[PDB]
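In structure tokens, one chain follows: the form deposited in one PDB entry.
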């Protein structure tokens, strides 16, 4: 198996902080390195991408895009870092705060694939644009931006766009969308398994369908896992908790299936928030999930 390179991006740049910047530190504390070493991986921790400060009481920036400069600049550096990791033939594993970092991760990865697919495991769709976002928070726009729909500053990160096509994205666990997002998912024809579908189909079927779909049409698959995809009972420490989510068992099963499938070529675990967490529980859950993603088997 190829070596892994961890990159942490302690970003918490929404209009107001959510504590997710501490995510990387918490997951490191939970033992992500050690967990992966036990699985016999050659893994390195490149450290963290530097993040600019958020907008003070009065600074320059776009109303419709909170902390656009800092967000874009951080993502530009991440894109470079991720690109290099891939260049070196290593698997990039990005740990983060804001899901906004998916813009940077996909920017560095996508250029290396003809048809890169994406499994967006999240409670939210993240397909807002400056036009549709009620808040202007870029963390609610990473998927749209990566599809080539968003502010120029975000869609062009890495020097190109789009990074992926809508037919190569599969949303899982979604249970919170803005009307514009519903319209977007709908009009762009993005495959999506809302909690409703998981309830009616069961995670095993959802995963089999997802894996088969992407496998038959992509040459690499990126897993963008937002911990809030899980229910707050299992993952209390997240930036924006939403009730009615995926259980740890469903998520653990999903990771094992992806592992077996061997389709994931890059991944990122984001939005861990120590402020709402209980004794680093969520960070530990993230690490266990990474463990399964990377081959850990119960027998």
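So that the term is clear: the rigid core is the largest set of C-alpha atoms that superpose within 1.5 Å between two forms. Positions refer to the first chain, counted from 1.
Across the two stretches, 246-254 and 57-65, the PDB entry reports the greater mean Cα temperature factor for 57-65. When 153-161 is weighed against 99-107, 153-161 comes out higher, by mean CA B-factor as recorded in the entry. When the Cα B-factors of 224, 194, 146, 132 are read from the PDB record, 132 comes out highest.
Within the selection 220, 136, 173, 92, the deposited Cα B-factor values reach their highest point at 136. Ranked within its chain, residue 234 lands in the lowest third, by CA B factor from the PDB record.
Among the modelled residues of its chain, residue 202 has a C-alpha B-factor that falls in the middle third, as given in the PDB entry.
Per the PDB record, residue ranking by Cα B-factor puts residue 121 in the lowest third of the chain. When the CA B factors of the chain's modelled residues are split into thirds, the value for residue 273 lands in the lowest one. Ranked within its chain, residue 31 lands in the lowest third, by CA B factor from the PDB record.
This next part talks about the form deposited with a small molecule bound, which is not shown.
Although the partner is absent from the chain shown here, 128, 135 and 181 each have a heavy atom within 4.5 Å of the small molecule in the entry with it bound. Although the partner is absent here, residue 265 lies well away from the small molecule in the entry with it bound, with no heavy atom inside 4.5 Å.
The shortest heavy atom separation between residue 124 and the small molecule in the entry with it bound is within 4.5 Å. Under a 4.5 angstroms non-hydrogen atom cutoff, the small molecule in the entry with it bound lacks residue 108 among its neighbouring residues. Using a 4.5 Å cutoff between non-hydrogen atoms, residue 140 counts as a contact of the small molecule in the entry with it bound. The partner is not drawn, yet in the entry with it bound one stretch among 76-84, 173-181, 209-217, 143-151 has residues with heavy atoms inside 4.5 Å of the small molecule: 173-181. Only one of 42, 34, 59, 260 has its C-alpha shifted by 2 Å or more between this form and the one not shown once the core is superposed, and that residue is 59.
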